[PDB]
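Chains as they are written, first to last, in this note's numbering: chain Z, 2 to 52; chain E, 2 to 52. C-beta atoms are modelled at their ideal positions from N, C-alpha and C, and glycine is treated no differently.
Number of protein chains: 2
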Amino acid sequence: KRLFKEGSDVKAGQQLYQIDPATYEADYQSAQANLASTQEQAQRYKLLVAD
Amino acid sequence: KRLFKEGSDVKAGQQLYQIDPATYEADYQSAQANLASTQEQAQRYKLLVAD
Numbered sequence: 002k003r004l005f006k007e008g009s010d011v012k013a014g015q016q017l018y019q020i021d022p023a024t025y026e027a028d029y030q031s032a033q034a035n036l037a038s039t040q041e042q043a044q045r046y047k048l049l050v051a052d
Numbered sequence: 002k003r004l005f006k007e008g009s010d011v012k013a014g015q016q017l018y019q020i021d022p023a024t025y026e027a028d029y030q031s032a033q034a035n036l037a038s039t040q041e042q043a044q045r046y047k048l049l050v051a052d
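So, in structure tokens, the structure goes:
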């Protein structure tokens, strides 16, 4: 979408366009899934070397 | 060996006979090997449940 009227007044910080976030939003959620996983994995292993 | 003279005088605690000790000495060393093993195994696991 192009959410602004050609010739109008916009405020700095105002969304002017919207790029299809479909995949980006997808990769991001994907990434976080992975991190959530590995993070735990690590935190656990950090106590195993300890012993 | 039967280390005493038939008809002699013996003192309490005096060895009178000697049973062949080869395997006994062997089973004993064997046993100790095992213990040394399991013991460690346990002592370690005792700190793992702790965490």
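Practice item. Measure from the C-beta of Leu48 of chain Z to each C-beta in chain E and report whether the shortest distance is under 7 Å. Key: Mapped onto the first sequence, residue 48 of chain Z falls at position 47. It does; some Cβ of chain E falls within 7 Å.
Exercise for review: Give a yes or no on whether the minimum CB-CB distance between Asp52 of chain E and chain Z is below 7 Å.
Suggested key: Translated into positions along the second sequence, residue 52 of chain E becomes position 51. Yes, its Cβ sits closer than 7 Å to a Cβ of chain Z.
Check your understanding: Taking the alpha-carbon positions, what's the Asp28 of chain E to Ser38 of chain E distance?
Key -> By 1-based counting over the second sequence, the position of residue 28 of chain E is 27. By 1-based counting over the second sequence, the position of residue 38 of chain E is 37. Cα to Cα, the separation comes out at about 15 Å.
Point to revise | Extent of the continuous alpha helix (DSSP H) to which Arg45 of chain Z belongs | key: As a position in the first sequence, residue 45 of chain Z is number 44, starting the count at 1. Looking at the DSSP string, the run of the alpha helix (DSSP H) that includes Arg45 of chain Z is 23-50.
Check your understanding: Does the distance from the CB of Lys2 of chain E to the CB of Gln19 of chain E come in under 7 Å?
Key -> For this step, residue 2 of chain E is matched to residue 1 along the second sequence. For this step, residue 19 of chain E is matched to residue 18 along the second sequence. The answer is yes: Cβ separation under 7 Å.
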